[PDB]
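First comes the structure, then the notes that go with it.
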Amino acid sequence: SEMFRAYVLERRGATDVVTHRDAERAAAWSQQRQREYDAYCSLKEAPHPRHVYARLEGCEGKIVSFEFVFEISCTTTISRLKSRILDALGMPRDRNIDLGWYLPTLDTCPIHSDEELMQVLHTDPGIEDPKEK
Amino acid sequence: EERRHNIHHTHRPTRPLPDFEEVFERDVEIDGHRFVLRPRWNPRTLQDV
Amino acid sequence: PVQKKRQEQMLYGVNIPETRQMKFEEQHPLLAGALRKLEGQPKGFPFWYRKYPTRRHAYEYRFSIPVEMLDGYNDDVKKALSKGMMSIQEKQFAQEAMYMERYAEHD
Amino acid sequence: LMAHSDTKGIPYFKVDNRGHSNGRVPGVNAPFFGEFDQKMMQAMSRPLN
Amino acid sequence: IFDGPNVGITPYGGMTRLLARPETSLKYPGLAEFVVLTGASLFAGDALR
Amino acid sequence: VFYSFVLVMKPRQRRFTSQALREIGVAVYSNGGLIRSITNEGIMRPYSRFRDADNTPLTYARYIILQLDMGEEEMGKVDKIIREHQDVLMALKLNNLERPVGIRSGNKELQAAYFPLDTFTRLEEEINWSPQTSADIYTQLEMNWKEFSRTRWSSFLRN
Amino acid sequence: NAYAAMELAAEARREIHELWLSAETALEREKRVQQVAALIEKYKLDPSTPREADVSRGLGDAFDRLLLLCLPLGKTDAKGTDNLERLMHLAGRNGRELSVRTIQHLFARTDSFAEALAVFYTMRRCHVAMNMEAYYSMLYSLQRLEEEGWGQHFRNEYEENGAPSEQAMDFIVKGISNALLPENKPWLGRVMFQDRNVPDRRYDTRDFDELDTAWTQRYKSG
Amino acid sequence: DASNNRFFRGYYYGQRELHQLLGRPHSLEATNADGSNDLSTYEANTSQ
Amino acid sequence: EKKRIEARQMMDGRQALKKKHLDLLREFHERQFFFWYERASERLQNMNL
Amino acid sequence: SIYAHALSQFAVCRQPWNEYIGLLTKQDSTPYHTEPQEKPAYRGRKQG
Amino acid sequence: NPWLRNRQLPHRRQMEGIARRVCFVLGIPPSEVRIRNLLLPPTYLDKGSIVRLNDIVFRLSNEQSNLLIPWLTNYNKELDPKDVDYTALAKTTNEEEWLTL
Amino acid sequence: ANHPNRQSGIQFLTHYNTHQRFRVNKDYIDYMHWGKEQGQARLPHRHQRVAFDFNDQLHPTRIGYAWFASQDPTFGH
C-alpha cells in the first residue's frame with residue numbers, strides 16, 4: 001500500500017506536475033536487472049567445453065565420442081560439429097546430417113540452429129556414470 | 001515381475017509363461033554384425049541349416 | 001431459554017474441542033511429535049494438515065486459518081484474524097461447523 | 001492484480017487428483033492411432049455377433 | 001506386412017501368389033524375395049504400381 | 001481492509017482536531033478493534049457546502065481516512081459514535097472491502113476459487129485506485145513484488 | 001576467459017567424483033562433511049563469486065551428486081545447513097532447475113527428522129517453488145524415519161528374546177500403524193499418475209549410479 | 001403371486017409400498033418385473 | 001440363490017469402491033490444502049508488514 | 001519393441017495430404033479474402 | 001468376488017516394503033531375500049495348489065512328502081472350468097484408478 | 001399459445017425438468033437480445049442442444065498436437 005501514497009507535486013518549468021517520489025529509484029532497479037539479464041545471456045554464449053556422444057541412427061551401432069568446445073557467438077557452429085562427427089564416422093563432409101537431441105526423458109528433438117543448440121547445452125546438465133571418468 | 005513374485009505362475013502352472021532369458025540370447029556376434037538382443041533358433045546360423 | 005443460551009454461546013465465540021487435539025495425537029503421533037518439538041517457532045511446513053481435513057474444519061480464526069499457522073507472525077495480525085473480528089454470518093458458519101463435526105460419522 | 005503470486009499456478013503445483021473423468025482417452029490423454037470417424041458411423045452400429 | 005520368417009514361420013494369406021505373378025517379376029524383379037525373406041512393409045503406392 | 005471510513009470534518013484549531021481523533025480512536029480500541037491506518041489529508045474545498053453543528057454552512061473541510069478491523073456487531077456502536085460527534089460533518093462507510101466488485105465473477109480467478117485472503121491483507125489504497133496513479137506504479141509494483149518474494153521466507157524462518 | 005573457469009571446473013568435478021566413488025566407511029560423517037566444505041572453499045562455490053568465473057556452471061550433473069554429498073549433517077554445529085544453501089543458491093543464479101530425482105534422493109539421504117526439516121527450510125530460503133513432489137517426498141521421508149525407528153525397536157526386542165513377537169510380525173506385514181501415504185492403498189502417493197516413492201528407503205551410492213548407468217547403456221545400445 | 005399373476009405386478013400401489021417397506025431400490029420402469037431395480041441388503045446377505 | 005450371491009458380489013464391490021473414492025476425496029482436500037497454505041502464507045507475510 | 005530397427009531405416013513416413021489438398025490450385029481463390037456476410041435465418045412462424 | 005480378486009494380491013510397493021521390513025527385524029541380509037506370492041483357489045483346493053504348497057513353500061523332496069502325506073497320490077482333484085481364471089487378473093491403468101478398484 | 005409468458009412453446013428437446021418450456025423456473029429467456037446465432041430466442045443455445053442436424057457439427061470434446069503423432073504430420077487441430 002505504501003507505494004500508492006508515494007506521489008508528489010513538483011513544479012517543472014512553468015507548470016505543475018504530479019510525479020512518483022520513488023520513480024528514479026525504480027528506474028535504477030529495473031536497469032540493473034536488465035544488465036544482469038545481459039550478463040546471463042552473454043554468459044550462456046560463452047565457450048562450453050563438453051564431451052560429445054553421437055549415436056548414428058541405424059542398424060549398425062556406432063557411437064562417436066570426442067571433446068568439443070562450443071562457441072555459440074558467430075549456423076557455422078552446428079556445421080563445425082557436424083563436420084567433426086562425419087570426420088569420426090569415416091564419411092565425406094558433404095553428407096546431409098540431421099542432428100538431434102537425445103533427452104534424459106528418452107525423447108528426441110531436431111536441432112536446426114545455433115541459438116537452439118546453446119539452449120540444449122544449458123538445459124541438459126548431462127547424465128553420466130561417474131565411475132567412468 | 002510375475003515370474004519373480006508368483007509361485008502359481010512359475011511352478012507347474014496351469015498355462016505356461018515365457019522366459020525372457022530363454023527366448024532371447026544377449027550380445028551376439030555373427031560375421032561382423034553386432035546384435036544387442038537376438039532370439040534363439042536351434043539352427044542358429046544360415047550355415048548351420 | 002435453551003435456544004437463547006445457544007445463540008449467546010454462538011455470539012461471544014466458539015471453540016475447537018480438545019477432543020480433536022487428542023485424537024490427532026493418538027492417530028498420528030509422529031506429526032503431533034513434530035508440532036510438539038516446534039511450538040512457538042515459525043513453521044514452513046504445515047505438519048498440522050491431518051488435524052484439519054477440510055476447509056470448514058478450522059473455525060477458530062477467520063478464513064479457515066489453523067491456529068499453529070499463526071506462530072511466526074505479528075500479534076496484530078493474530079488479533080485481526082481472531083474470533084472477535086468475524087462477521088455474524090461467519091460466526092454462524094463457525095457454530096455449524098463445530099456441531100457438524102461433533103455428530104459426523106466421518107470427516 | 002489482487003491474486004498474483006510467486007508460487008506458480010494450479011497446473012504447476014498439480015494439486016488435482018483424477019484427470020479426465022473417463023480415464024484413458026485416445027484423443028485427450030493417451031495418443032490416437034488409426035482413423036478419424038468424423039460422422040458417427042462407426043459409433044452407432046449393431047453387433048452382428 | 002507379409003512377415004513371419006521373423007517369428008520363425010513361413011508367410012500365410014496367399015499374398016505369395018500376388019508376389020509371384022509374372023507381372024511383379026517384370027516390374028520389380030527381386031521384390032518378391034525382398035518381401036518374403038525380409039519382413040518388410042509395402043504401402044499404397046507399391047500396391048498400386 | 002475489513003472496514004473503512006471517509007470522515008469529512010470541520011477545520012478547527014489543531015488541539016481540537018487531535019482531541020476528536022483521540023476520541024474516535026479510543027472509541028475503536030475500547031470496542032476491541034484495530035486501526036490499520038489513520039490517514040490525514042488537508043483542508044479541501046468540496047463540491048457541496050456542509051453545515052456543521054452550528055448550522056453555519058462551510059466552504060472548506062478537513063478530510064480524514066480511517067481503516068479499521070472490527071467485529072460487525074460492535075461497529076454499530078462505533079458508527080453511531082462517529083456520526084454523533086460534533087466535529088464530523090459527514091462519514092461514508094465502505095464495508096465492501098473484503099469482497100470488492102471485480103472478483104469471483106464466472107471463474108475470473110485463476111488457480112483458486114474465491115481466495116478471501118487476497119483482499120484482506122491489502123489496504124484500501126490498492127483496492128481502490130486514487131486518480132494520481134499512472135503507469136509508473138506498474139514499475140514500482142513489480143520491484144516491490146520480486147523483492148518481496150525474495151526476502152519473505154528468509155525473513156520469516158529466522159526466528 | 002570463462003574457458004579457464006570451465007577448465008578449473010573440470011578439475012573440480014574430477015575430485016568430486018574422486019570422493020563420491022570412494023563411498024567407504026573410511027569416509028565418516030565428520031570426514032565427508034569437512035571434505036565437502038574443503039572443496040567448496042577451494043573452488044569458490046559461494047554466491048559472492050561473480051557470474052563469469054563461477055565454477056558451478058561447468059559441473060555437469062556432478063553438481064547434484066556433490067549436492068547430496070552434503071546431506072547427512074555431522075554432529076559439530078548447525079553450520080552444516082549452510083554448505084547446502086550455498087550450493088543451491090548458485091543453481092538459482094545459473095538457471096539449472098533441480099530435478100525431482102535429485103531432491104528425492106536428497107531426502108532419502110536424511111538421518112533424523114530435524115535434518116529433513118532443515119532441508120525443506122533450506123530450499124525455502126533458496127526460492128524453490130514448492131510442488132507436490134516437494135511435499136510428498138518430505139512426507140515419505142518422515143514415514144521411513146518412523147518405520148526405521150520401529151524396525152530398530154522390534155529387531156532390538158527380538159535380540160534379547162530370540163523369537164519375534166506377533167507385534168513384530170504384523171508390523172512386518174502391514175507396516176506402520178496408521179501411516180500417511182501407505183502401501184496397502186498405493187493410489188494415494190501418486191503425482192501426475194506416476195507413483196512417487198523413492199524416499200521411503202535408504203540408497204547407497206551404487207544405487208544412484210545404477211540408475212544413470214542403466215540410462216547410459218540404454219543410449220549406447222537401443 | 002407376482003410371477004404368474006399380472007395384477008400383482010402393478011407397480012404404483014401394491015408394489016411401491018412393498019418395496020418401500022422391504023427397503024429395495026425401486027422405480028417406475030425397472031429391471032425386475034416388479035417395481036425393483038435390485039435386491040435389498042437383507043436379501044443379498046442372507047441365503048433363504 | 002445364484003442370482004443373490006452375484007448380486008451381493010456386485011454390492012460389496014460398489015461399497016468397496018466408494019470407500020476408495022472416499023480416500024481419494026480426502027487426499028484431494030489435503031492437496032488443495034497444501035496449495036492453499038502456499039498462497040495464504042504468502043499473503044500473511046505481506047500483512048506482517 | 002526392443003528390436004525391430006532393421007526395418008526402421010528403409011521404413012516410410014505417411015504423406016502430407018492435408019496441406020497438399022490445402023495448397024491445390026483453386027478456382028475460388030481471391031487476392032484478398034473476405035468472410036461472407038450473415039445469411040437470413042428463420043425467426044419463427046410469425047416473422048419468417 | 002471376481003471383482004475383489006484384482007486387488008487382493010499385494011502391490012509391488014508392498015513387497016518392497018515387507019522385504020525391507022523383514023530385513024530390519026530378522027536381521028536377514030537384504031542382498032538375498034526372495035519374497036513370493038501363492039494364491040489358492042477360493043472354494044476348494046486342487047492338486048496343483050497342493051503340489052506347489054508342498055514343493056516350494058515348504059521344501060519337500062518327493063519321497064519325504066510321499067512318506068508324510070500318503071493320500072496325495074489318490075487325490076486327483078483339479079480346477080473346474082468355472083474356476084479356472086481365478087489366477088488371471090485384470091490389468092488396470094494408473095489414470096483409470098477412480099473408476100475401477 | 002397467445003398468452004404472454006407462454007411464448008417459449010412446448011419443446012421436448014431441451015434438457016430441463018419440464019417439457020413445457022414456459023413453466024421452467026431456471027433460465028428465463030430474453031426476446032430482444034437473444035437468438036443471433038440460434039435462430040429464434042425460444043430455442044436452446046448452440047452448446048446445450050440435445051438433438052443434432054445432419055449437416056451441422058455436434059459438440060466439441062473438451063481437452064483442458066501431442067497425441068496425433070501417429071497421424072498425418074500436416075493434420076492440424
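Identifiers in this document derive from the order of the C-alpha cells: chains are assigned A, B, ..., residues are numbered from 1 separately in each chain, and ligands are numbered from 1 in order of occurrence.
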For chain I against chain D, with a cut-off of 10 Å and counting only C-alpha atoms, what is the closest atom pair and its distance in Å to one decimal for every residue that makes the cut, ordered by chain and number, as JSON lines?
```
{"residue": "I:24", "atom": "CA", "partner": "D:17", "partner_atom": "CA", "distance": 7.6}
{"residue": "I:25", "atom": "CA", "partner": "D:17", "partner_atom": "CA", "distance": 8.4}
{"residue": "I:27", "atom": "CA", "partner": "D:17", "partner_atom": "CA", "distance": 8.2}
{"residue": "I:28", "atom": "CA", "partner": "D:17", "partner_atom": "CA", "distance": 5.9}
{"residue": "I:29", "atom": "CA", "partner": "D:15", "partner_atom": "CA", "distance": 9.1}
{"residue": "I:30", "atom": "CA", "partner": "D:15", "partner_atom": "CA", "distance": 9.1}
{"residue": "I:31", "atom": "CA", "partner": "D:15", "partner_atom": "CA", "distance": 5.4}
{"residue": "I:32", "atom": "CA", "partner": "D:15", "partner_atom": "CA", "distance": 5.6}
{"residue": "I:33", "atom": "CA", "partner": "D:15", "partner_atom": "CA", "distance": 8.9}
{"residue": "I:34", "atom": "CA", "partner": "D:15", "partner_atom": "CA", "distance": 8.4}
{"residue": "I:35", "atom": "CA", "partner": "D:15", "partner_atom": "CA", "distance": 7.0}
{"residue": "I:36", "atom": "CA", "partner": "D:15", "partner_atom": "CA", "distance": 10.0}
{"residue": "I:38", "atom": "CA", "partner": "D:7", "partner_atom": "CA", "distance": 7.1}
{"residue": "I:39", "atom": "CA", "partner": "D:5", "partner_atom": "CA", "distance": 7.2}
{"residue": "I:42", "atom": "CA", "partner": "D:5", "partner_atom": "CA", "distance": 7.8}
{"residue": "I:43", "atom": "CA", "partner": "D:5", "partner_atom": "CA", "distance": 8.8}
```
Practice problem: Please identify every residue of chain K that has at least one atom no more than 9 Å from any atom of chain D, counting only C-alpha atoms, and report them as a ChimeraX atom specification. | Solution: /K:93-99
Atoms kept (N, CA, C and O atoms) for selection, written as a PDB file, in the first residue's frame:
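Generated file (again_2.pdb):
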```
ATOM      1  N   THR K  93      -4.987 -49.416 -15.584  1.00  0.00           N
ATOM      2  CA  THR K  93      -4.082 -48.278 -15.741  1.00  0.00           C
ATOM      3  C   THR K  93      -4.134 -47.326 -14.549  1.00  0.00           C
ATOM      4  O   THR K  93      -5.086 -47.341 -13.772  1.00  0.00           O
ATOM      5  N   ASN K  94      -3.102 -46.501 -14.405  1.00  0.00           N
ATOM      6  CA  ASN K  94      -2.989 -45.618 -13.250  1.00  0.00           C
ATOM      7  C   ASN K  94      -3.844 -44.356 -13.359  1.00  0.00           C
ATOM      8  O   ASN K  94      -4.132 -43.701 -12.351  1.00  0.00           O
ATOM      9  N   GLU K  95      -4.244 -44.010 -14.580  1.00  0.00           N
ATOM     10  CA  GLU K  95      -5.122 -42.862 -14.795  1.00  0.00           C
ATOM     11  C   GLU K  95      -6.563 -43.316 -14.731  1.00  0.00           C
ATOM     12  O   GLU K  95      -7.493 -42.520 -14.837  1.00  0.00           O
ATOM     13  N   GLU K  96      -6.729 -44.621 -14.579  1.00  0.00           N
ATOM     14  CA  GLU K  96      -8.040 -45.239 -14.533  1.00  0.00           C
ATOM     15  C   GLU K  96      -8.507 -45.539 -13.089  1.00  0.00           C
ATOM     16  O   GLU K  96      -9.619 -46.011 -12.873  1.00  0.00           O
ATOM     17  N   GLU K  97      -7.672 -45.224 -12.104  1.00  0.00           N
ATOM     18  CA  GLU K  97      -7.899 -45.694 -10.734  1.00  0.00           C
ATOM     19  C   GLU K  97      -9.187 -45.213 -10.073  1.00  0.00           C
ATOM     20  O   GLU K  97      -9.653 -45.844  -9.130  1.00  0.00           O
ATOM     21  N   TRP K  98      -9.763 -44.115 -10.547  1.00  0.00           N
ATOM     22  CA  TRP K  98     -11.007 -43.614  -9.963  1.00  0.00           C
ATOM     23  C   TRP K  98     -12.223 -44.435 -10.355  1.00  0.00           C
ATOM     24  O   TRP K  98     -13.233 -44.421  -9.660  1.00  0.00           O
ATOM     25  N   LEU K  99     -12.132 -45.134 -11.481  1.00  0.00           N
ATOM     26  CA  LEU K  99     -13.254 -45.906 -11.996  1.00  0.00           C
ATOM     27  C   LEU K  99     -13.305 -47.276 -11.360  1.00  0.00           C
ATOM     28  O   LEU K  99     -14.221 -47.578 -10.604  1.00  0.00           O
TER      29      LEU K  99
END
```
List as a Markdown table every residue of chain I that is in contact with chain A, defined as an atom at most 12 Å from one of its atoms (using only C-alpha atoms), together with the nearest atom pair and the distance in Å rounded to one decimal, sorted by chain and then rising number.
```
| residue | atom | partner | partner_atom | distance |
| --- | --- | --- | --- | --- |
| I:46 | CA | A:1 | CA | 10.2 |
| I:47 | CA | A:1 | CA | 10.4 |
| I:49 | CA | A:1 | CA | 10.1 |
```
Self-check item: All residues 12 Å or closer to residue 90 (chain K), only C-alpha atoms, same chain fewer than 4 positions away omitted, as a list in words
Solution: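 What passes the distance filter is residues 2, 3, 4, 5, 6, 7, 8, 9, 85, 86, 100 and 101 of chain K.
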File of the preceding selection, N, CA, C and O atoms, as a short mmCIF file (atom, residue, chain, number, x, y, z; two decimals), in the first residue's frame:
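Contents of the output file part29.cif:
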```
data_model
loop_
_atom_site.label_atom_id
_atom_site.label_comp_id
_atom_site.auth_asym_id
_atom_site.auth_seq_id
_atom_site.Cartn_x
_atom_site.Cartn_y
_atom_site.Cartn_z
N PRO K 2 -15.19 -62.05 -8.20
CA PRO K 2 -14.23 -61.82 -9.28
C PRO K 2 -13.82 -60.34 -9.34
O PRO K 2 -12.80 -60.01 -9.94
N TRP K 3 -14.61 -59.48 -8.70
CA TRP K 3 -14.31 -58.06 -8.63
C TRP K 3 -13.20 -57.78 -7.64
O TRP K 3 -12.33 -56.95 -7.88
N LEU K 4 -13.25 -58.49 -6.52
CA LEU K 4 -12.39 -58.19 -5.38
C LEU K 4 -11.07 -58.95 -5.38
O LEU K 4 -10.26 -58.78 -4.48
N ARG K 5 -10.87 -59.80 -6.39
CA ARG K 5 -9.61 -60.52 -6.53
C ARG K 5 -8.51 -59.61 -7.06
O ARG K 5 -7.37 -59.68 -6.61
N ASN K 6 -8.88 -58.76 -8.02
CA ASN K 6 -7.91 -57.94 -8.75
C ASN K 6 -7.00 -57.15 -7.83
O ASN K 6 -5.83 -56.91 -8.14
N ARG K 7 -7.54 -56.74 -6.69
CA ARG K 7 -6.73 -56.07 -5.69
C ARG K 7 -5.92 -57.07 -4.88
O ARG K 7 -4.73 -56.86 -4.65
N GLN K 8 -6.54 -58.19 -4.52
CA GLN K 8 -6.15 -58.97 -3.35
C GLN K 8 -4.65 -59.25 -3.19
O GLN K 8 -4.12 -59.06 -2.10
N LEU K 9 -3.96 -59.68 -4.24
CA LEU K 9 -2.53 -59.97 -4.11
C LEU K 9 -1.71 -58.66 -4.15
O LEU K 9 -2.02 -57.76 -4.91
N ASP K 85 -10.05 -69.29 -13.99
CA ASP K 85 -9.44 -67.99 -14.23
C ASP K 85 -9.12 -67.17 -12.98
O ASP K 85 -8.67 -66.03 -13.10
N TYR K 86 -9.35 -67.74 -11.80
CA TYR K 86 -9.13 -67.03 -10.54
C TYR K 86 -7.72 -66.43 -10.48
O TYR K 86 -7.48 -65.42 -9.82
N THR K 100 -12.31 -48.11 -11.65
CA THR K 100 -12.31 -49.47 -11.14
C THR K 100 -11.40 -49.58 -9.93
O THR K 100 -10.41 -48.86 -9.83
N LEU K 101 -11.80 -50.44 -9.00
CA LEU K 101 -10.96 -50.83 -7.87
C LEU K 101 -9.50 -51.04 -8.28
O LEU K 101 -9.17 -51.97 -9.03
#
```
Quiz item: Residues at most 9 Å from residue 16 (chain J), counting only C-alpha atoms, excluding those fewer than 6 positions away in the same chain, as an MDAnalysis selection string?
Solution: chainID L and resid 72:75
Exercise. Give me the residues within 12 Å of residue 178 (chain G) as a list in words, counting only C-alpha atoms and dropping any in the same chain fewer than 4 places off.
Key: residues 24, 25, 26, 27, 28, 29, 30, 31 and 50 of chain C; 143, 146, 147, 171, 174, 182, 183, 184 and 185 of chain G
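If you measure from each of K:68, K:79, K:39, K:56 to residue 8 (chain B) using only C-alpha atoms, the closest one turns out to be K:39.
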Quiz item: Which neighbours of region 71-85 of chain C fall inside 9 Å, counting only C-alpha atoms, when residues of the same chain fewer than 4 positions from it are skipped, and could you give them as a ChimeraX atom specification?
Solution: /C:12-14,39-43,59-63,65,67,91 /F:2,32-34,69-72,156-157,159 /I:44-45,47-49
Exercise. Find the residues around region 36-47 of chain A up to 8 Å (only C-alpha atoms counted), leave out those fewer than 3 positions away in its own chain, and share them as a list in words.
Key: residues 32, 33, 69, 70, 71, 72, 73, 118 and 122 of chain A; 2, 3, 51, 52 and 94 of chain G
Could the residues in this selection be saved with N, CA, C and O atoms as a compact mmCIF listing (two decimals), in the first residue's frame?
```
# COMPACT_ATOMS: atom_id res chain seq x y z
N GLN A 32 19.36 -2.14 -13.55
CA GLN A 32 20.32 -3.10 -13.02
C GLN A 32 19.91 -4.53 -13.36
O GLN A 32 20.75 -5.34 -13.78
N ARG A 33 18.63 -4.84 -13.17
CA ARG A 33 18.13 -6.16 -13.54
C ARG A 33 18.37 -6.45 -15.03
O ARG A 33 18.76 -7.57 -15.39
N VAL A 69 34.54 -28.01 -28.00
CA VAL A 69 34.26 -26.73 -27.39
C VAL A 69 33.25 -25.98 -28.25
O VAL A 69 33.47 -25.75 -29.44
N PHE A 70 32.12 -25.62 -27.64
CA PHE A 70 31.07 -24.88 -28.32
C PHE A 70 31.22 -23.38 -28.11
O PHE A 70 31.04 -22.89 -26.99
N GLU A 71 31.55 -22.66 -29.17
CA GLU A 71 31.47 -21.20 -29.12
C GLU A 71 30.28 -20.75 -29.96
O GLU A 71 30.31 -20.80 -31.19
N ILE A 72 29.24 -20.29 -29.26
CA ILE A 72 27.93 -20.06 -29.86
C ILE A 72 27.72 -18.58 -30.27
O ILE A 72 26.63 -18.18 -30.70
N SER A 73 28.77 -17.78 -30.13
CA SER A 73 28.78 -16.44 -30.73
C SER A 73 29.56 -16.46 -32.05
O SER A 73 30.79 -16.60 -32.05
N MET A 118 22.72 -23.86 -28.14
CA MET A 118 23.10 -23.23 -26.88
C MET A 118 22.12 -23.58 -25.77
O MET A 118 22.51 -23.95 -24.65
N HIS A 122 22.70 -25.65 -22.24
CA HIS A 122 22.37 -25.06 -20.96
C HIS A 122 21.32 -25.87 -20.18
O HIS A 122 21.38 -25.96 -18.96
N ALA G 2 36.33 -17.36 -19.59
CA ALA G 2 35.46 -18.27 -18.85
C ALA G 2 35.81 -19.72 -19.21
O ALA G 2 35.44 -20.65 -18.49
N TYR G 3 36.53 -19.90 -20.32
CA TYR G 3 37.08 -21.20 -20.70
C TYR G 3 38.03 -21.72 -19.60
O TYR G 3 38.08 -22.94 -19.34
N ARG G 51 29.39 -13.74 -11.85
CA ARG G 51 28.68 -14.63 -12.79
C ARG G 51 29.65 -15.39 -13.68
O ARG G 51 29.57 -16.62 -13.80
N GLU G 52 30.55 -14.65 -14.32
CA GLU G 52 31.70 -15.23 -15.00
C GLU G 52 32.66 -15.67 -13.91
O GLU G 52 32.61 -15.15 -12.80
N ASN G 94 22.44 -19.71 -11.75
CA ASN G 94 22.90 -20.26 -13.01
C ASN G 94 21.73 -20.59 -13.91
O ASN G 94 21.83 -20.49 -15.13
```
Practice problem: Compile the residues of chain H that lie within 10 Å of chain I, evaluated using only C-alpha atoms, and express the compilation as number ranges by chain. | Solution: H: 38-48
So that each row is one residue of chain G with an atom at most 12 Å from chain C, can you give its shortest atom pair and the distance in Å to one decimal, using only C-alpha atoms, rows by chain and rising number, as CSV?
```
residue,atom,partner,partner_atom,distance
G:112,CA,C:34,CA,11.8
G:113,CA,C:34,CA,8.4
G:114,CA,C:34,CA,8.9
G:116,CA,C:45,CA,10.8
G:117,CA,C:45,CA,8.0
G:118,CA,C:44,CA,10.4
G:119,CA,C:44,CA,11.1
G:120,CA,C:45,CA,7.9
G:121,CA,C:44,CA,6.5
G:122,CA,C:44,CA,10.1
G:123,CA,C:44,CA,10.5
G:124,CA,C:44,CA,7.7
G:125,CA,C:44,CA,10.1
G:130,CA,C:45,CA,10.5
G:134,CA,C:45,CA,10.5
G:135,CA,C:45,CA,8.5
G:136,CA,C:45,CA,11.6
G:138,CA,C:45,CA,9.5
G:139,CA,C:47,CA,9.3
G:142,CA,C:30,CA,8.3
G:143,CA,C:30,CA,8.7
G:144,CA,C:30,CA,11.4
G:145,CA,C:30,CA,9.8
G:146,CA,C:30,CA,7.6
G:147,CA,C:30,CA,10.8
G:149,CA,C:30,CA,11.2
G:150,CA,C:30,CA,11.9
G:176,CA,C:28,CA,10.6
G:177,CA,C:27,CA,8.7
G:178,CA,C:27,CA,6.7
G:179,CA,C:28,CA,7.7
G:180,CA,C:28,CA,8.4
G:181,CA,C:50,CA,11.9
```
For the interface of chain F with chain I (cut-off 7 Å, counting only C-alpha atoms), please tabulate each contacting residue of chain F alongside its nearest pair of atoms and their separation in Å to one decimal, rows sorted by chain and increasing number, as CSV.
```
residue,atom,partner,partner_atom,distance
F:117,CA,I:40,CA,6.7
F:118,CA,I:43,CA,6.6
F:121,CA,I:47,CA,5.0
F:152,CA,I:45,CA,6.6
```
Quiz item: With only C-alpha atoms as the atoms that count, which of L:52, L:36, L:66, L:59 lies nearest to chain J?
Solution: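 Between L:52, L:36, L:66, L:59, the residue approaching chain J most closely is L:36.
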